[PDB]
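>
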Amino acid sequence: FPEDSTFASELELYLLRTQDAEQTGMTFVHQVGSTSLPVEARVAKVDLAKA
Amino acid sequence: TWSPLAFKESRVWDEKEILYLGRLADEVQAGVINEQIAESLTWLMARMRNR
């Protein structure tokens, strides 16, 4: 435990957790001369923490 | 004949307020009571005027 110094009494650590949407998925297979089809919807999440 | 009157009062601050005193919005260090003493100083200045 290397020592450290501060001027204030209480110590608050606020952690911000982040689950970004993972770049997954393969490009859809189609035949030349066709209208394309769209991609799915993905989710990202943010949670926090107090200590 | 004539004889005056005397008017004195005290005001103290204990250790727990003079050490633990920040603010509400910010993460300010403990040196706030040195600013808050001046308020009671000028308040006793203005309170001796009211007698």
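Protein chains in written order, with the entry's author numbering: chain G, 53 to 103; chain F, 104 to 154. Note that CB positions come from ideal geometry on N, CA and C, so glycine has one too.
1. Using a Cβ-Cβ distance under 8 Å, would G:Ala101 count as near chain F?
2. In whole angstroms, give me the CA-to-CA distance for F:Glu138 and F:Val131.
3. Can you tell which of F:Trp105, F:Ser113, F:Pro107, F:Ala128 has its C-alpha closest to the C-alpha of F:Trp146?
4. In this structure, does DSSP put G:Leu100 in helix, strand or coil?
5. Excluding five sequence neighbours on each side, which residues of the same chain lie with their C-beta closer than 6 Å to the C-beta of G:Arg69?
6. What is the rounded straight-line gap between the Cα of F:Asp129 and the Cα of G:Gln71?
7. For a cutoff of 8 Å on Cβ pairs, would you count G:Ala96 as touching chain F?
8. Whole angstroms are fine: how far does the CA of G:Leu63 sit from the CA of G:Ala96?
9. Answer yes or no: do F:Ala133 and G:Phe59 have a C-beta to C-beta separation smaller than 8 Å?
10. Can you find a C-beta in chain G that's less than 8 Å from the C-beta of F:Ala133?
On the basis of the coordinates in this document:
1. It does not; no Cβ of chain F falls within 8 Å.
2. Spanning the alpha carbons of F:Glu138 and F:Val131 requires a straight line of approximately 13 Å.
3. The shortest C-alpha separation from F:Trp146 is found at F:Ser113.
4. If DSSP states are grouped into helix, strand and coil, G:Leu100 belongs with the strands.
5. Once the five neighbours on either side are set aside, the close Cβ partners of G:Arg69 are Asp99.
6. The straight-line gap from Cα to Cα measures roughly 29 Å.
7. No, its Cβ sits nowhere closer than 8 Å to a Cβ of chain F.
8. About 30 Å.
9. Annotated as proximal: F:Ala133 and G:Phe59, with beta-carbon spacing under 8 Å.
10. Taking a beta-carbon distance threshold of 8 Å, F:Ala133 counts as an interface residue toward chain G.
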